[PDB]
Each structure stands twice: as C-alpha cells, then as structure tokens.
file input_13.pdb (PDB, C-alpha atoms)
ATOM      1  CA  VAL K 398     -86.810 170.877 174.559
ATOM      2  CA  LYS K 399     -85.828 174.532 174.281
ATOM      3  CA  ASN K 400     -85.559 174.254 178.066
ATOM      4  CA  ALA K 401     -83.061 171.506 177.290
ATOM      5  CA  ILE K 402     -80.732 173.603 175.147
ATOM      6  CA  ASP K 403     -81.051 176.697 177.319
ATOM      7  CA  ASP K 404     -80.060 174.617 180.338
ATOM      8  CA  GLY K 405     -76.477 173.584 180.909
ATOM      9  CA  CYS K 406     -77.863 171.992 184.058
ATOM     10  CA  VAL K 407     -80.147 169.018 183.411
ATOM     11  CA  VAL K 408     -82.189 166.983 185.885
ATOM     12  CA  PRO K 409     -82.512 163.217 185.269
ATOM     13  CA  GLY K 410     -86.108 162.142 184.820
ATOM     14  CA  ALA K 411     -88.138 159.005 185.555
ATOM     15  CA  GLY K 412     -88.126 159.476 189.326
ATOM     16  CA  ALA K 413     -84.339 159.456 189.665
ATOM     17  CA  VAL K 414     -84.294 162.722 191.603
ATOM     18  CA  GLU K 415     -87.431 162.293 193.714
ATOM     19  CA  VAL K 416     -86.280 159.246 195.661
ATOM     20  CA  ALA K 417     -83.122 161.321 196.080
ATOM     21  CA  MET K 418     -85.413 163.705 197.946
ATOM     22  CA  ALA K 419     -88.150 161.735 199.742
ATOM     23  CA  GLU K 420     -85.517 159.423 201.226
ATOM     24  CA  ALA K 421     -82.864 162.100 201.730
ATOM     25  CA  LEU K 422     -85.605 164.160 203.419
ATOM     26  CA  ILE K 423     -85.249 161.576 206.145
ATOM     27  CA  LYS K 424     -87.097 163.156 208.954
ATOM     28  CA  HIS K 425     -86.386 164.775 212.322
ATOM     29  CA  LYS K 426     -84.303 167.042 210.186
ATOM     30  CA  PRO K 427     -87.527 169.087 210.503
ATOM     31  CA  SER K 428     -87.964 167.794 214.027
ATOM     32  CA  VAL K 429     -89.428 170.878 215.669
ATOM     33  CA  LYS K 430     -93.169 170.153 215.865
ATOM     34  CA  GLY K 431     -92.984 167.342 213.374
ATOM     35  CA  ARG K 432     -95.552 169.361 211.407
ATOM     36  CA  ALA K 433     -92.784 170.034 208.918
ATOM     37  CA  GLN K 434     -91.601 166.474 209.539
ATOM     38  CA  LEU K 435     -95.163 165.698 208.514
ATOM     39  CA  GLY K 436     -95.257 168.529 205.982
ATOM     40  CA  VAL K 437     -92.003 167.391 204.417
ATOM     41  CA  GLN K 438     -93.449 163.878 204.603
ATOM     42  CA  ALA K 439     -96.571 165.280 202.945
ATOM     43  CA  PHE K 440     -94.346 167.004 200.387
ATOM     44  CA  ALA K 441     -92.185 163.886 200.048
ATOM     45  CA  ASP K 442     -95.292 161.946 199.055
ATOM     46  CA  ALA K 443     -96.237 164.239 196.176
ATOM     47  CA  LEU K 444     -92.741 163.887 194.701
ATOM     48  CA  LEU K 445     -93.286 160.388 193.335
ATOM     49  CA  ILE K 446     -96.424 161.080 191.275
ATOM     50  CA  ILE K 447     -94.316 160.610 188.129
ATOM     51  CA  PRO K 448     -93.115 157.213 189.438
ATOM     52  CA  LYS K 449     -96.723 156.774 190.537
ATOM     53  CA  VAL K 450     -98.848 157.859 187.555
ATOM     54  CA  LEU K 451     -96.714 155.803 185.166
ATOM     55  CA  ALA K 452     -96.504 152.456 186.964
ATOM     56  CA  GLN K 453    -100.160 153.323 187.415
ATOM     57  CA  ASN K 454    -100.678 153.917 183.680
ATOM     58  CA  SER K 455     -98.022 151.378 182.659
ATOM     59  CA  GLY K 456     -97.676 147.867 184.046
ATOM     60  CA  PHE K 457     -97.512 146.707 187.672
ATOM     61  CA  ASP K 458     -98.236 149.168 190.458
ATOM     62  CA  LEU K 459     -97.548 152.822 191.128
ATOM     63  CA  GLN K 460     -96.827 151.421 194.594
ATOM     64  CA  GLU K 461     -95.287 147.949 194.222
TER      65      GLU K 461
ATOM     66  CA  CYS W 398    -103.486 108.244 199.682
ATOM     67  CA  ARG W 399    -106.324 106.550 197.811
ATOM     68  CA  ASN W 400    -105.708 109.078 195.037
ATOM     69  CA  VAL W 401    -102.064 108.049 195.030
ATOM     70  CA  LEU W 402    -103.426 104.523 195.229
ATOM     71  CA  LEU W 403    -105.893 105.300 192.429
ATOM     72  CA  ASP W 404    -103.366 106.908 190.102
ATOM     73  CA  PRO W 405     -99.998 107.187 191.550
ATOM     74  CA  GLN W 406     -98.936 109.925 189.137
ATOM     75  CA  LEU W 407     -97.992 113.122 190.944
ATOM     76  CA  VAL W 408     -98.774 116.176 188.799
ATOM     77  CA  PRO W 409     -97.268 119.667 189.014
ATOM     78  CA  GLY W 410     -99.743 122.002 190.673
ATOM     79  CA  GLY W 411    -100.654 125.551 189.782
ATOM     80  CA  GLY W 412    -101.204 126.599 186.201
ATOM     81  CA  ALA W 413     -98.902 123.812 185.048
ATOM     82  CA  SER W 414    -101.817 121.690 183.843
ATOM     83  CA  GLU W 415    -103.987 124.711 183.082
ATOM     84  CA  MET W 416    -102.051 126.533 180.359
ATOM     85  CA  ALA W 417    -100.785 123.170 179.101
ATOM     86  CA  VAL W 418    -104.227 121.795 178.191
ATOM     87  CA  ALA W 419    -105.245 125.275 177.034
ATOM     88  CA  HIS W 420    -102.695 125.300 174.237
ATOM     89  CA  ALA W 421    -103.294 121.608 173.498
ATOM     90  CA  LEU W 422    -106.991 122.522 173.306
ATOM     91  CA  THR W 423    -106.289 125.588 171.181
ATOM     92  CA  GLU W 424    -103.709 123.519 169.338
ATOM     93  CA  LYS W 425    -106.654 121.156 168.983
ATOM     94  CA  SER W 426    -108.536 124.259 167.856
ATOM     95  CA  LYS W 427    -105.742 124.948 165.375
ATOM     96  CA  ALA W 428    -105.812 121.284 164.373
ATOM     97  CA  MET W 429    -109.545 120.585 164.248
ATOM     98  CA  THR W 430    -110.408 124.150 163.107
ATOM     99  CA  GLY W 431    -114.101 123.219 163.291
ATOM    100  CA  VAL W 432    -116.785 124.943 165.275
ATOM    101  CA  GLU W 433    -115.642 123.307 168.527
ATOM    102  CA  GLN W 434    -112.322 125.077 168.151
ATOM    103  CA  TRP W 435    -114.274 128.017 169.608
ATOM    104  CA  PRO W 436    -115.582 125.913 172.525
ATOM    105  CA  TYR W 437    -111.967 124.846 173.051
ATOM    106  CA  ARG W 438    -110.845 128.473 173.115
ATOM    107  CA  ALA W 439    -113.860 128.863 175.372
ATOM    108  CA  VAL W 440    -112.934 125.790 177.431
ATOM    109  CA  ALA W 441    -109.163 126.308 177.234
ATOM    110  CA  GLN W 442    -110.044 129.700 178.713
ATOM    111  CA  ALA W 443    -111.415 127.874 181.772
ATOM    112  CA  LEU W 444    -108.001 126.418 182.604
ATOM    113  CA  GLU W 445    -106.544 129.843 183.441
ATOM    114  CA  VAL W 446    -108.625 129.854 186.645
ATOM    115  CA  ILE W 447    -105.766 128.478 188.754
ATOM    116  CA  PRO W 448    -103.370 131.185 187.525
ATOM    117  CA  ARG W 449    -106.065 133.808 188.089
ATOM    118  CA  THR W 450    -107.041 132.194 191.396
ATOM    119  CA  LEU W 451    -103.388 132.061 192.428
ATOM    120  CA  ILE W 452    -102.535 135.494 191.037
ATOM    121  CA  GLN W 453    -105.468 136.682 193.110
ATOM    122  CA  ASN W 454    -104.333 134.749 196.170
ATOM    123  CA  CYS W 455    -100.760 135.978 195.797
ATOM    124  CA  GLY W 456    -101.923 139.485 194.921
ATOM    125  CA  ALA W 457     -99.842 139.942 191.769
ATOM    126  CA  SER W 458    -100.606 141.081 188.234
ATOM    127  CA  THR W 459    -102.178 138.281 186.212
ATOM    128  CA  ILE W 460    -101.899 139.693 182.705
ATOM    129  CA  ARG W 461     -98.110 139.581 182.733
TER     130      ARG W 461
END
call {"tool": "encode", "arguments": {"input": "input_13.pdb", "output": "structure tokens"}}
result
Amino acid sequence: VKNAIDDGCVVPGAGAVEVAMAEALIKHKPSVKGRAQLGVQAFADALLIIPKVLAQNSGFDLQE
Amino acid sequence: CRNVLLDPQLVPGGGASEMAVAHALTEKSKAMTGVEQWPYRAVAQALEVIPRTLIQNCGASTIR
C-alpha cells in the first residue's frame, strides 16, 4: 500500500489490464517467425494467472 | 403412452421432483424429528442425483 501512495499512476487489478494485453497482443504483430507470435502467445497465457488462480480458488472455473 | 395411459399426469423433469421431495422429506425430518429424520436426510440426499447427473452431463458446477 506504500506502493499505492508513492504511485500517482495506478493499475486496475482483477485481470482488467491483462485481457487488455493478451487480446490487444493480437498476433502477426510479431509475425516474423511466429516464434514471438508464439512467444507473445506464450507470454499472453501467463498474464491471466490472477484471473486463473482465483476463479480456480473461488467459484466456477479459471477457464470458463 | 401406457404410462400416460397409466397416469396421465405429466411431471416436470430434471431436479424438479428431486429437490422438491428432498425438502418435503427433510421437512418431514423437521416435522417427525425422530430417528428416521436422518434416513430422510439420507434418502432426501438421494434425490439430488438428477441434478448431479445433469450437472455432470451438462458439465457445470453442481454446488452452486
């Protein structure tokens, strides 16, 4: 919370910003070998662990 | 047809009868408050099969 009052910038939690990445990472932007297109895809898929682990821990599905 | 001939009373499918009788059995548990209240809560537990069966067959979360 000291990182709250030191920061005039604040990032909204509960997976608000990650879907703003994984989707807005929409591919062929790293089209070259697709390895980045896969690597960004790989990276895109680790973004949602907070939306995952919770719907995991909490009700329903980390996926559904 | 013979079933409609036998009793021509169409019943709502699914857990409609299940959780109904369950309460009425546990309500009968609340009422009778004997030993067999526990068998009711044991038997009324059997009714939930169709919800569980269907929640399985739909692939949803049963506990909600």
call {"tool": "closest_atom_pairs", "arguments": {"input": "input_13.pdb", "of": "chain K", "to": "chain W", "cutoff": "9 Å", "atoms": "all atoms listed in the file", "output": "tab-separated table"}}
result
residue	atom	partner	partner_atom	distance
K:456	CA	W:461	CA	8.4
K:457	CA	W:458	CA	6.4
K:458	CA	W:458	CA	8.7
call {"tool": "resolve_selection", "arguments": {"input": "input_13.pdb", "expression": "the PyMOL selection byres ((chain W and resi 401-417) around 10)", "output": "CSV table (one decimal) with C-alpha atoms, in the coordinates of the input"}}
result
chain,number,residue,atom,x,y,z
W,398,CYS,CA,-103.5,108.2,199.7
W,399,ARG,CA,-106.3,106.6,197.8
W,400,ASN,CA,-105.7,109.1,195.0
W,418,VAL,CA,-104.2,121.8,178.2
W,419,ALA,CA,-105.2,125.3,177.0
W,420,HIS,CA,-102.7,125.3,174.2
W,421,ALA,CA,-103.3,121.6,173.5
W,422,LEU,CA,-107.0,122.5,173.3
W,423,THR,CA,-106.3,125.6,171.2
W,441,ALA,CA,-109.2,126.3,177.2
W,442,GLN,CA,-110.0,129.7,178.7
W,443,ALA,CA,-111.4,127.9,181.8
W,444,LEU,CA,-108.0,126.4,182.6
W,445,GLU,CA,-106.5,129.8,183.4
W,446,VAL,CA,-108.6,129.9,186.6
W,447,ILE,CA,-105.8,128.5,188.8
W,448,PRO,CA,-103.4,131.2,187.5
W,449,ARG,CA,-106.1,133.8,188.1
W,450,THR,CA,-107.0,132.2,191.4
W,451,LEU,CA,-103.4,132.1,192.4
call {"tool": "atom_distance", "arguments": {"input": "input_13.pdb", "atom1": "atom CA of residue K:403", "atom2": "atom CA of residue K:448"}}
result
25.9 Å
call {"tool": "atom_distance", "arguments": {"input": "input_13.pdb", "atom1": "atom CA of residue K:410", "atom2": "atom CA of residue K:437"}}
result
21.1 Å
call {"tool": "atom_distance", "arguments": {"input": "input_13.pdb", "atom1": "atom CA of residue K:438", "atom2": "atom CA of residue K:424"}}
result
7.7 Å
call {"tool": "closest_residue", "arguments": {"input": "input_13.pdb", "among": "K:446, K:440, K:460, K:400", "to": "residue K:420", "atoms": "only C-alpha atoms"}}
result
K:440
call {"tool": "residues_around", "arguments": {"input": "input_13.pdb", "residues": "residue K:415", "least_positions_apart": "3", "cutoff": "6 Å", "atoms": "only C-alpha atoms", "output": "tab-separated table (two decimals) with C-alpha atoms, in the coordinates of the input"}}
result
chain	number	residue	atom	x	y	z
K	412	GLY	CA	-88.13	159.48	189.33
K	418	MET	CA	-85.41	163.71	197.95
K	444	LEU	CA	-92.74	163.89	194.70
call {"tool": "build_atoms", "arguments": {"input": "input_13.pdb", "residues": "stretch 435-449 of chain W", "atoms": "N, CA, C and O atoms", "output": "compact mmCIF listing (two decimals), keeping the file's coordinate frame"}}
result
# COMPACT_ATOMS: atom_id res chain seq x y z
N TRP W 435 -113.83 126.87 168.82
CA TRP W 435 -114.27 128.02 169.61
C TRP W 435 -114.63 127.55 171.02
O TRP W 435 -114.16 128.16 171.99
N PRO W 436 -115.45 126.50 171.19
CA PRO W 436 -115.58 125.91 172.52
C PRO W 436 -114.26 125.56 173.18
O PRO W 436 -114.13 125.78 174.39
N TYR W 437 -113.28 125.03 172.45
CA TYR W 437 -111.97 124.85 173.05
C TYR W 437 -111.44 126.17 173.58
O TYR W 437 -111.19 126.32 174.78
N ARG W 438 -111.31 127.16 172.69
CA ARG W 438 -110.84 128.47 173.12
C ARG W 438 -111.76 129.05 174.18
O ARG W 438 -111.35 129.92 174.96
N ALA W 439 -113.01 128.58 174.23
CA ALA W 439 -113.86 128.86 175.37
C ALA W 439 -113.50 127.98 176.56
O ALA W 439 -113.41 128.47 177.69
N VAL W 440 -113.29 126.68 176.33
CA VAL W 440 -112.93 125.79 177.43
C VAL W 440 -111.49 125.99 177.86
O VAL W 440 -111.20 126.09 179.06
N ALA W 441 -110.56 126.03 176.90
CA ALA W 441 -109.16 126.31 177.23
C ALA W 441 -109.04 127.59 178.05
O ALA W 441 -108.11 127.75 178.84
N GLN W 442 -109.99 128.51 177.87
CA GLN W 442 -110.04 129.70 178.71
C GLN W 442 -110.35 129.35 180.17
O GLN W 442 -109.97 130.10 181.08
N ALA W 443 -111.04 128.23 180.41
CA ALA W 443 -111.42 127.87 181.77
C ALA W 443 -110.21 127.44 182.59
O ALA W 443 -110.21 127.55 183.82
N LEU W 444 -109.17 126.96 181.91
CA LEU W 444 -108.00 126.42 182.60
C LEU W 444 -107.27 127.50 183.39
O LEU W 444 -106.77 127.25 184.49
N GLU W 445 -107.27 128.72 182.86
CA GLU W 445 -106.54 129.84 183.44
C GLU W 445 -107.05 130.22 184.83
O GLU W 445 -106.48 131.13 185.45
N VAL W 446 -108.11 129.57 185.31
CA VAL W 446 -108.62 129.85 186.64
C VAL W 446 -107.51 129.80 187.68
O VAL W 446 -107.31 130.76 188.44
N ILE W 447 -106.78 128.70 187.73
CA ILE W 447 -105.77 128.48 188.75
C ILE W 447 -104.76 129.62 188.71
O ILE W 447 -104.49 130.22 189.76
N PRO W 448 -104.19 129.97 187.55
CA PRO W 448 -103.37 131.18 187.52
C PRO W 448 -104.10 132.40 188.06
O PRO W 448 -103.59 133.05 188.98
N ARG W 449 -105.31 132.67 187.58
CA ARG W 449 -106.06 133.81 188.09
C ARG W 449 -106.34 133.66 189.58
O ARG W 449 -106.08 134.57 190.36
